[PDB]
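Shown next, in structure tokens, is the structure this report addresses.
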Amino acid sequence: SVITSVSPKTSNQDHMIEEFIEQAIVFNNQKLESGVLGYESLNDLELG
Amino acid sequence: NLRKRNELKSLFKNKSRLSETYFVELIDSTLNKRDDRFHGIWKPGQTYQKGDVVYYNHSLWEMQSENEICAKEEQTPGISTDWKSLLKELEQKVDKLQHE
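Respectively, the protein sequence lines represent chains AH and AF. Counting in PDB author numbering, the first sequence runs from 1183 upward without gaps. Counting in PDB author numbering, the second sequence runs from 2 upward without gaps.
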């Protein structure tokens, strides 16, 4: 085996490149804790 | 009066949730300079009420006037007739006996 590239005239596939847009970003990162001391801003402590 | 530093420090840990009893115990256990009448060192620009206690040079002074006063820059405990102290009355009396 020998590794080469993909071409639209030897196969029908190419490299797929698209543009990144800042305002359409979604994060995938969940907080480990919530609502407890040490993990929230002072504005968000509800004094339960 | 109820709790010590090592008991209050036991309610505020890293993963706990807050509650109102913790703050009740925090407020009751420290010194409330308005409700227990003690303000430490005299400062101009404050307002005082009848019964306040203040430390000025080498003496503790209680305020006599019944209405609120503004601590003026050039009125200082000893100059004015608002404040009072015993360590000065007794001092002068013993000075008199010493001289006599």
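Note that beta-carbon positions come from the ideal geometry of N, C-alpha and C, so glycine has one too.
The alpha helix (DSSP H) with residue i in it runs from where to where?
i, result
"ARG6 of chain AF", "6-9"
"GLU21 of chain AF", "21-30"
What would DSSP say about residue i, mapped onto helix, strand or coil?
i, result
"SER1193 of chain AH", "coil"
"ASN1225 of chain AH", "helix"
"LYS97 of chain AF", "helix"
Where in the region 39-94 of chain AF do unbroken runs of the beta strand (DSSP E), each at least 3 residues long, occur, reported from the N-terminal end onward? 54-57 and 60-64
Along the region 12-38 of chain AF, what residues have a CB closer than 9 angstroms to any CB found in chain AH? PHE13, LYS14, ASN15, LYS16, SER17, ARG18, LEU19, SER20, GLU21 and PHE24
Can you give me, in chain order, the residues of the region 1216-1229 of chain AH that have a beta carbon less than 7 angstroms from any beta carbon in chain AF? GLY1217, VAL1218, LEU1219, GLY1220, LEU1227 and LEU1229
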